[PDB]
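With CSV, C-alpha atoms and all ligand atoms inside, this is protein13.csv:
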```csv
chain,number,residue,atom,x,y,z
A,1,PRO,CA,102.7,95.8,114.5
A,2,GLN,CA,101.6,99.4,114.1
A,3,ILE,CA,103.8,101.5,112.0
A,4,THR,CA,103.9,105.3,112.1
A,5,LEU,CA,104.4,107.2,108.8
A,6,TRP,CA,106.9,109.8,109.9
A,7,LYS,CA,109.5,107.7,108.1
A,8,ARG,CA,109.6,105.6,105.0
A,9,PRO,CA,108.1,102.2,106.0
A,10,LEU,CA,111.2,100.2,105.0
A,11,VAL,CA,111.3,96.4,106.0
A,12,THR,CA,113.7,93.5,105.4
A,13,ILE,CA,112.5,90.9,103.0
A,14,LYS,CA,114.2,87.5,102.4
A,15,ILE,CA,113.8,86.5,98.8
A,16,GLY,CA,115.5,84.0,96.5
A,17,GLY,CA,118.1,83.4,99.2
A,18,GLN,CA,119.0,87.1,99.5
A,19,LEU,CA,118.2,89.7,102.1
A,20,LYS,CA,116.9,93.0,100.8
A,21,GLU,CA,115.1,96.0,102.2
A,22,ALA,CA,111.9,97.2,100.7
A,23,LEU,CA,109.2,99.9,101.0
A,24,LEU,CA,105.6,99.0,101.9
A,25,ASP,CA,103.6,100.8,99.3
A,26,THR,CA,99.9,100.5,99.6
A,27,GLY,CA,99.5,102.3,96.2
A,28,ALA,CA,101.1,99.6,94.1
A,29,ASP,CA,99.1,96.6,92.8
A,30,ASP,CA,102.0,94.2,92.4
A,31,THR,CA,105.5,93.8,94.0
A,32,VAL,CA,108.4,95.1,92.0
A,33,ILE,CA,111.9,94.1,93.0
A,34,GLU,CA,115.2,95.2,91.4
A,35,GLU,CA,116.8,93.2,88.7
A,36,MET,CA,118.1,89.9,90.2
A,37,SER,CA,118.2,86.3,89.2
A,38,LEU,CA,115.2,84.3,90.3
A,39,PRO,CA,114.4,80.7,89.2
A,40,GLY,CA,111.6,79.6,87.0
A,41,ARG,CA,109.9,81.0,83.8
A,42,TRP,CA,108.5,84.4,83.3
A,43,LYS,CA,106.4,86.4,80.9
A,44,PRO,CA,107.7,89.9,80.1
A,45,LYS,CA,105.3,92.9,80.7
A,46,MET,CA,105.2,96.6,81.2
A,47,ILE,CA,104.1,98.4,84.4
A,48,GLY,CA,103.6,102.1,84.5
A,49,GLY,CA,104.1,104.6,87.3
A,50,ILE,CA,105.1,108.2,88.0
A,51,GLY,CA,107.4,109.0,85.1
A,52,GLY,CA,106.3,106.3,82.7
A,53,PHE,CA,106.5,102.5,82.1
A,54,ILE,CA,109.3,100.1,82.7
A,55,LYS,CA,109.7,96.7,81.1
A,56,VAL,CA,109.8,93.8,83.7
A,57,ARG,CA,109.7,90.0,83.9
A,58,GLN,CA,106.7,88.5,85.7
A,59,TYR,CA,107.6,85.4,87.8
A,60,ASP,CA,104.6,83.6,89.4
A,61,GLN,CA,104.3,82.1,92.9
A,62,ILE,CA,107.5,83.1,94.5
A,63,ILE,CA,107.8,83.0,98.3
A,64,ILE,CA,108.9,86.0,100.2
A,65,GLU,CA,109.4,86.4,103.9
A,66,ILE,CA,108.3,89.9,104.4
A,67,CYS,CA,109.0,91.0,108.0
A,68,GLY,CA,108.9,87.7,109.8
A,69,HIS,CA,105.9,86.3,107.7
A,70,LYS,CA,105.8,84.2,104.6
A,71,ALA,CA,103.7,85.2,101.6
A,72,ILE,CA,103.5,83.8,98.1
A,73,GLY,CA,102.5,85.4,94.9
A,74,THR,CA,103.7,87.2,91.8
A,75,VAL,CA,106.9,89.2,91.8
A,76,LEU,CA,107.8,91.5,88.9
A,77,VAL,CA,111.6,91.9,88.3
A,78,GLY,CA,113.1,94.9,86.6
A,79,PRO,CA,114.8,98.4,86.5
A,80,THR,CA,112.9,99.8,89.5
A,81,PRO,CA,114.9,102.3,91.7
A,82,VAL,CA,113.5,100.9,94.9
A,83,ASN,CA,112.2,97.5,96.0
A,84,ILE,CA,108.5,97.8,96.5
A,85,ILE,CA,106.1,95.4,98.3
A,86,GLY,CA,102.6,96.0,96.9
A,87,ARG,CA,99.0,95.1,97.6
A,88,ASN,CA,99.0,91.5,96.2
A,89,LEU,CA,101.4,90.6,99.1
A,90,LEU,CA,100.4,93.1,101.7
A,91,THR,CA,97.0,91.4,102.0
A,92,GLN,CA,98.8,88.0,102.7
A,93,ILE,CA,100.4,89.2,106.0
A,94,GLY,CA,97.2,90.9,107.1
A,95,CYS,CA,98.2,94.6,106.6
A,96,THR,CA,95.5,97.3,107.1
A,97,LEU,CA,95.5,101.0,107.0
A,98,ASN,CA,94.0,102.7,110.1
A,99,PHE,CA,92.9,106.2,110.9
B,1,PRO,CA,88.2,103.8,109.8
B,2,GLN,CA,90.1,100.6,108.9
B,3,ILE,CA,91.0,99.8,105.3
B,4,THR,CA,91.9,96.4,104.0
B,5,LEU,CA,94.1,96.3,100.9
B,6,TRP,CA,92.0,93.8,98.8
B,7,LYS,CA,91.0,96.7,96.5
B,8,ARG,CA,92.8,100.0,95.6
B,9,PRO,CA,92.6,102.2,98.7
B,10,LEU,CA,90.9,105.1,96.8
B,11,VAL,CA,89.3,107.9,98.7
B,12,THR,CA,87.2,111.0,97.9
B,13,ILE,CA,89.2,114.2,98.6
B,14,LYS,CA,87.9,117.8,98.5
B,15,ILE,CA,90.4,120.2,97.2
B,16,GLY,CA,89.9,123.6,95.6
B,17,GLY,CA,86.2,123.0,96.1
B,18,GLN,CA,86.0,120.2,93.6
B,19,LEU,CA,85.7,116.6,94.6
B,20,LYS,CA,88.5,114.2,93.4
B,21,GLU,CA,89.4,110.6,93.7
B,22,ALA,CA,92.8,109.9,95.2
B,23,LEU,CA,94.9,106.9,96.2
B,24,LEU,CA,96.4,106.5,99.6
B,25,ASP,CA,100.1,105.7,98.9
B,26,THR,CA,102.4,105.0,101.9
B,27,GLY,CA,105.4,104.8,99.7
B,28,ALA,CA,105.0,108.3,98.4
B,29,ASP,CA,106.6,111.0,100.6
B,30,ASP,CA,104.6,113.9,99.2
B,31,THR,CA,101.1,114.4,97.8
B,32,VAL,CA,101.0,114.5,94.0
B,33,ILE,CA,97.9,115.7,92.2
B,34,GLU,CA,97.0,116.0,88.5
B,35,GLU,CA,97.0,119.4,86.9
B,36,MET,CA,94.7,122.2,88.2
B,37,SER,CA,94.3,125.7,89.5
B,38,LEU,CA,95.5,126.3,93.0
B,39,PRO,CA,96.2,129.6,94.8
B,40,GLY,CA,99.5,131.3,95.6
B,41,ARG,CA,103.0,131.3,94.3
B,42,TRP,CA,104.9,128.1,93.6
B,43,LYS,CA,108.4,126.6,93.5
B,44,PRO,CA,109.7,124.0,91.0
B,45,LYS,CA,110.4,120.4,92.0
B,46,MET,CA,111.4,117.1,90.5
B,47,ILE,CA,110.2,113.9,92.1
B,48,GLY,CA,111.6,110.5,91.3
B,49,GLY,CA,109.0,107.9,90.2
B,50,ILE,CA,109.5,104.2,89.1
B,51,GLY,CA,109.7,105.1,85.5
B,52,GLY,CA,111.9,108.2,85.9
B,53,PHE,CA,111.5,111.8,87.1
B,54,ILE,CA,108.9,114.4,86.4
B,55,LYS,CA,108.7,118.1,87.0
B,56,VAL,CA,106.1,119.5,89.4
B,57,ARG,CA,104.8,122.8,90.8
B,58,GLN,CA,104.8,122.9,94.6
B,59,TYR,CA,102.1,124.8,96.5
B,60,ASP,CA,102.2,125.2,100.3
B,61,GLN,CA,99.4,125.8,102.8
B,62,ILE,CA,96.7,124.1,100.8
B,63,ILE,CA,93.5,123.1,102.7
B,64,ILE,CA,92.5,119.6,102.0
B,65,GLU,CA,89.8,117.2,103.1
B,66,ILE,CA,90.8,113.6,103.0
B,67,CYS,CA,87.5,111.8,103.3
B,68,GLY,CA,86.2,113.9,106.2
B,69,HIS,CA,89.4,114.8,107.9
B,70,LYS,CA,90.9,118.1,106.9
B,71,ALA,CA,94.7,118.4,106.6
B,72,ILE,CA,96.7,121.5,105.6
B,73,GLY,CA,100.0,121.1,103.8
B,74,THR,CA,102.0,121.0,100.6
B,75,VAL,CA,100.6,119.7,97.4
B,76,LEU,CA,102.6,119.0,94.2
B,77,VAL,CA,100.7,119.5,91.0
B,78,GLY,CA,102.0,117.7,87.9
B,79,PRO,CA,101.6,115.0,85.1
B,80,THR,CA,100.7,112.0,87.3
B,81,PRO,CA,98.6,108.9,86.3
B,82,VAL,CA,96.4,109.3,89.4
B,83,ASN,CA,96.2,111.6,92.4
B,84,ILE,CA,98.4,110.3,95.3
B,85,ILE,CA,98.2,111.2,99.0
B,86,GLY,CA,101.6,110.7,100.5
B,87,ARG,CA,103.0,110.5,104.0
B,88,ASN,CA,103.2,114.3,104.4
B,89,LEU,CA,99.4,114.4,104.6
B,90,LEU,CA,98.9,110.8,105.8
B,91,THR,CA,100.6,111.5,109.2
B,92,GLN,CA,98.3,114.5,109.7
B,93,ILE,CA,95.2,112.4,109.8
B,94,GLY,CA,96.7,109.9,112.1
B,95,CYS,CA,97.0,107.1,109.5
B,96,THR,CA,99.1,104.1,110.5
B,97,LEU,CA,100.0,100.6,109.0
B,98,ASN,CA,99.1,97.6,111.1
B,99,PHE,CA,99.5,93.9,111.0
A,101,LIG,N1,112.6,104.9,98.9
A,101,LIG,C1,112.1,105.8,98.4
A,101,LIG,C2,111.4,106.9,97.8
A,101,LIG,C3,112.0,107.6,96.7
A,101,LIG,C4,111.3,108.7,96.1
A,101,LIG,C5,110.0,109.1,96.6
A,101,LIG,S1,109.1,110.4,96.0
A,101,LIG,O1,109.9,111.6,95.8
A,101,LIG,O2,107.9,110.5,96.8
A,101,LIG,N2,108.5,110.3,94.5
A,101,LIG,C6,107.3,109.6,94.5
A,101,LIG,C7,106.0,110.2,94.6
A,101,LIG,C8,104.9,109.5,94.5
A,101,LIG,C9,104.9,108.1,94.4
A,101,LIG,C10,106.2,107.4,94.3
A,101,LIG,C11,106.3,105.9,94.2
A,101,LIG,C12,105.3,105.2,93.2
A,101,LIG,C13,104.2,104.6,93.7
A,101,LIG,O3,104.1,104.6,95.0
A,101,LIG,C14,103.3,104.0,92.8
A,101,LIG,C15,103.6,104.0,91.4
A,101,LIG,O4,104.8,104.7,90.9
A,101,LIG,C16,105.6,105.3,91.8
A,101,LIG,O5,106.5,105.9,91.4
A,101,LIG,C17,102.7,103.4,90.4
A,101,LIG,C18,101.4,104.2,90.0
A,101,LIG,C19,101.2,105.4,90.7
A,101,LIG,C20,100.8,105.3,92.1
A,101,LIG,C21,100.7,103.9,92.7
A,101,LIG,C22,102.0,103.3,93.2
A,101,LIG,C23,107.8,105.4,94.3
A,101,LIG,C24,108.3,104.8,95.6
A,101,LIG,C25,108.1,103.9,94.4
A,101,LIG,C26,107.4,108.2,94.4
A,101,LIG,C27,109.4,108.3,97.7
A,101,LIG,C28,110.1,107.3,98.2
```

Would you write out, as structure tokens, the structure that this file holds?
Amino acid sequence: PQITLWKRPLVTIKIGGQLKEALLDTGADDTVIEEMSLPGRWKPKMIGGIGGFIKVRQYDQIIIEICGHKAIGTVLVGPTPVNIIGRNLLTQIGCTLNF
Amino acid sequence: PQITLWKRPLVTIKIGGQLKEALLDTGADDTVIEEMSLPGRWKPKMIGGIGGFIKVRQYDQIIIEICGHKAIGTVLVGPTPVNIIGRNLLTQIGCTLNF
């Protein structure tokens, strides 16, 4: 739908069998979820942000049901303070910025 | 106009007279800009990023032209990786998220 930005755009995502809320962040390239157990193999890597870099585990092709729609792609797991849905998944559910 | 998220939603902003590149970040509450000279008096602030917190100088009433549209609000100046345009100034231009 259309989402106004007076409030944090927080949605409910279904991932790895668990429900979690996340923030739609158009600024982020990837999707960073809090430390949790996901199945598969992963390669460790470091993403940087405001404040510095954090070490994370990159799992490939994971399915996420972000707000009623499914999407597949990479998910980085680690010590992030908030669950963030980034560009690599926002494009899959057809999200655009309009003004 | 309408922006698809296949590439970084970078825009040309005009602040302080200089032209700068900025990222439209819907997850960011406030606008954070790399170091520079702005007018007035400031207050201190700490904003929480993915990798931790950083200290910033808050300036209010700053005139700013986000790709054509001119908004007037608070800008935080600090040690950021890239200039971010947050919701405080994104609601001023009428920006929304659609899908
Ligand atoms: N929930 C929440 C929430 C908590 C704090 C804040 S805050 O005070 O605005 N601080 C604040 C200010 C500006 C941005 C941010 C975010 C953030 C990004 O969107 C991006 C990156 O690192 C980040 O920390 C990576 C590279 C730089 C830009 C690209 C994407 C946080 C939400 C994840 C937080 C905002 C929201």

So which residues are near ligand LIG 101 (chain A), meaning at most 7 Å away with all atoms listed in the file counted, given back as a list in words?
->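 My answer, listing the contacting residues, is residues 8, 23, 25, 27, 28, 48, 49, 50, 82 and 84 of chain A; 25, 27, 28, 29, 30, 32, 47, 48, 49, 50, 51, 81, 82, 84 and 86 of chain B.
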
Using the selection just defined, write its residues with C-alpha atoms as a CSV table (one decimal), keeping the file's coordinate frame.
```csv
chain,number,residue,atom,x,y,z
A,8,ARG,CA,109.6,105.6,105.0
A,23,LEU,CA,109.2,99.9,101.0
A,25,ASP,CA,103.6,100.8,99.3
A,27,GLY,CA,99.5,102.3,96.2
A,28,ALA,CA,101.1,99.6,94.1
A,48,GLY,CA,103.6,102.1,84.5
A,49,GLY,CA,104.1,104.6,87.3
A,50,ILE,CA,105.1,108.2,88.0
A,82,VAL,CA,113.5,100.9,94.9
A,84,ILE,CA,108.5,97.8,96.5
B,25,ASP,CA,100.1,105.7,98.9
B,27,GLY,CA,105.4,104.8,99.7
B,28,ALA,CA,105.0,108.3,98.4
B,29,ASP,CA,106.6,111.0,100.6
B,30,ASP,CA,104.6,113.9,99.2
B,32,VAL,CA,101.0,114.5,94.0
B,47,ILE,CA,110.2,113.9,92.1
B,48,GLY,CA,111.6,110.5,91.3
B,49,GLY,CA,109.0,107.9,90.2
B,50,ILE,CA,109.5,104.2,89.1
B,51,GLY,CA,109.7,105.1,85.5
B,81,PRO,CA,98.6,108.9,86.3
B,82,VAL,CA,96.4,109.3,89.4
B,84,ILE,CA,98.4,110.3,95.3
B,86,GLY,CA,101.6,110.7,100.5
```

What are the coordinates of chain B as a compact mmCIF listing (two decimals) with C-alpha atoms, in the coordinates of the input following a least-squares fit to chain A on all in-order C-alpha atoms?
```txt
# COMPACT_ATOMS: atom_id res chain seq x y z
CA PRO B 1 103.03 95.32 114.35
CA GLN B 2 101.89 98.95 113.88
CA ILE B 3 103.83 101.34 111.66
CA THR B 4 103.60 105.08 111.79
CA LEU B 5 104.46 106.94 108.58
CA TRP B 6 106.93 109.54 110.08
CA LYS B 7 109.80 107.70 108.34
CA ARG B 8 109.89 105.56 105.12
CA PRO B 9 108.12 102.30 105.95
CA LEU B 10 111.15 100.13 104.92
CA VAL B 11 111.28 96.52 105.88
CA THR B 12 113.79 93.63 105.64
CA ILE B 13 112.55 90.97 103.17
CA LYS B 14 114.11 87.54 102.50
CA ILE B 15 113.89 86.52 98.95
CA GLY B 16 116.01 84.07 96.99
CA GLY B 17 117.93 83.55 100.21
CA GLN B 18 119.40 87.01 100.25
CA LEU B 19 118.21 89.71 102.56
CA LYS B 20 116.86 92.95 100.92
CA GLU B 21 115.41 96.21 101.99
CA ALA B 22 111.97 96.98 100.61
CA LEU B 23 109.33 99.70 100.91
CA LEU B 24 105.77 98.99 101.80
CA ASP B 25 103.75 100.82 99.08
CA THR B 26 99.91 100.72 99.30
CA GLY B 27 99.57 102.48 96.03
CA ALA B 28 101.42 99.84 94.11
CA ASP B 29 99.24 96.91 92.94
CA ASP B 30 102.09 94.47 92.40
CA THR B 31 105.48 93.82 93.99
CA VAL B 32 108.38 95.27 92.00
CA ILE B 33 111.94 94.25 92.79
CA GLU B 34 115.32 95.30 91.35
CA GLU B 35 117.11 92.96 89.03
CA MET B 36 118.14 89.43 90.18
CA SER B 37 118.06 85.72 89.64
CA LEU B 38 114.80 84.02 90.36
CA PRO B 39 113.61 80.52 89.37
CA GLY B 40 111.19 79.44 86.66
CA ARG B 41 109.89 80.77 83.42
CA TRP B 42 108.60 84.31 83.05
CA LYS B 43 106.14 86.47 81.10
CA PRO B 44 106.69 90.08 79.96
CA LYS B 45 104.85 93.01 81.54
CA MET B 46 104.72 96.77 81.45
CA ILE B 47 103.73 98.66 84.56
CA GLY B 48 102.81 102.31 84.59
CA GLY B 49 104.84 104.47 87.02
CA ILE B 50 104.67 108.30 87.68
CA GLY B 51 107.37 109.03 85.24
CA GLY B 52 106.20 106.63 82.50
CA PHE B 53 106.22 102.87 81.87
CA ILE B 54 108.89 100.27 82.26
CA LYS B 55 109.24 96.71 81.12
CA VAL B 56 109.39 93.90 83.68
CA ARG B 57 109.79 90.12 83.94
CA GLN B 58 106.99 88.47 85.91
CA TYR B 59 107.67 85.40 88.06
CA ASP B 60 104.86 83.50 89.83
CA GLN B 61 104.93 81.31 92.94
CA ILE B 62 107.85 83.02 94.58
CA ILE B 63 108.33 82.40 98.35
CA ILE B 64 108.87 85.55 100.23
CA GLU B 65 109.37 86.61 103.82
CA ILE B 66 108.15 90.05 104.60
CA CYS B 67 109.74 90.77 107.94
CA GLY B 68 108.80 87.43 109.52
CA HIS B 69 105.64 86.66 107.70
CA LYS B 70 106.00 84.50 104.64
CA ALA B 71 103.82 85.22 101.58
CA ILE B 72 103.82 83.34 98.25
CA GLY B 73 102.95 85.18 95.07
CA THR B 74 104.01 87.04 91.96
CA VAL B 75 107.06 89.19 91.84
CA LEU B 76 108.01 91.58 88.99
CA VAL B 77 111.70 92.02 88.46
CA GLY B 78 112.83 95.18 86.65
CA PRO B 79 114.68 98.63 86.63
CA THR B 80 113.09 100.17 89.75
CA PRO B 81 114.64 102.84 92.10
CA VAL B 82 113.83 100.71 95.17
CA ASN B 83 112.15 97.40 95.91
CA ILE B 84 108.35 97.86 96.41
CA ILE B 85 105.89 95.49 98.13
CA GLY B 86 102.49 96.09 96.66
CA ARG B 87 98.96 95.14 97.59
CA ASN B 88 99.21 91.67 96.00
CA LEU B 89 101.54 90.64 98.84
CA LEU B 90 100.33 93.21 101.40
CA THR B 91 96.84 91.57 101.66
CA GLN B 92 98.49 88.20 102.30
CA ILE B 93 100.05 89.31 105.52
CA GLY B 94 96.92 90.91 106.73
CA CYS B 95 98.15 94.52 106.35
CA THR B 96 95.51 97.23 106.65
CA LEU B 97 95.41 101.14 106.72
CA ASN B 98 93.90 102.73 109.79
CA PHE B 99 93.05 106.12 111.05
```

So what do you get for CA of residue 1 in chain A versus CA of residue 16 in chain A, distance-wise?
-> 25.0 Å

Quick one: of A:12, A:92, A:37, A:61, who's nearest to chain B, counting all atoms listed in the file?
->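 Closest candidate: A:92.
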
For chain A versus chain B, which residues have an atom no more than 6 Å away, and what is each residue's nearest atom pair and distance in Å rounded to one decimal, using only C-alpha atoms, chain-then-number order, as CSV?
```
residue,atom,partner,partner_atom,distance
A:1,CA,B:99,CA,5.1
A:2,CA,B:98,CA,4.3
A:3,CA,B:97,CA,4.9
A:4,CA,B:96,CA,5.2
A:5,CA,B:91,CA,5.8
A:25,CA,B:27,CA,4.4
A:26,CA,B:25,CA,5.3
A:27,CA,B:25,CA,4.4
A:49,CA,B:50,CA,5.7
A:50,CA,B:49,CA,4.5
A:51,CA,B:51,CA,4.5
A:52,CA,B:51,CA,4.6
A:53,CA,B:51,CA,5.3
A:54,CA,B:51,CA,5.7
A:80,CA,B:50,CA,5.6
A:91,CA,B:5,CA,5.8
A:94,CA,B:99,CA,5.4
A:95,CA,B:99,CA,4.6
A:96,CA,B:4,CA,4.8
A:97,CA,B:97,CA,4.9
A:98,CA,B:2,CA,4.6
A:99,CA,B:95,CA,4.4
```

Could you check how far CA of residue 56 in chain B sits from CA of residue 72 in chain B, in Å to one decimal?
->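 Distance between the two atoms: 18.8 Å.
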
What's the 12 Å shell around residue 40 in chain A, counting only C-alpha atoms, without same-chain residues fewer than 4 positions away, as a ChimeraX atom specification?
-> /A:16,57-62,74-75

Atomic separation - CA of residue 65 in chain A relative to CA of residue 31 in chain A, Å |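 For CA of residue 31 in chain A relative to CA of residue 65 in chain A, the distance reads 13.0 Å.
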
Residue among A:77, A:66, A:71, A:44 lying closest to residue 20 in chain A, counting only C-alpha atoms = A:66

Counting only C-alpha atoms, figure out which residue out of B:36, B:67, B:73, B:83 gets nearest to residue 13 in chain B.
-> B:67
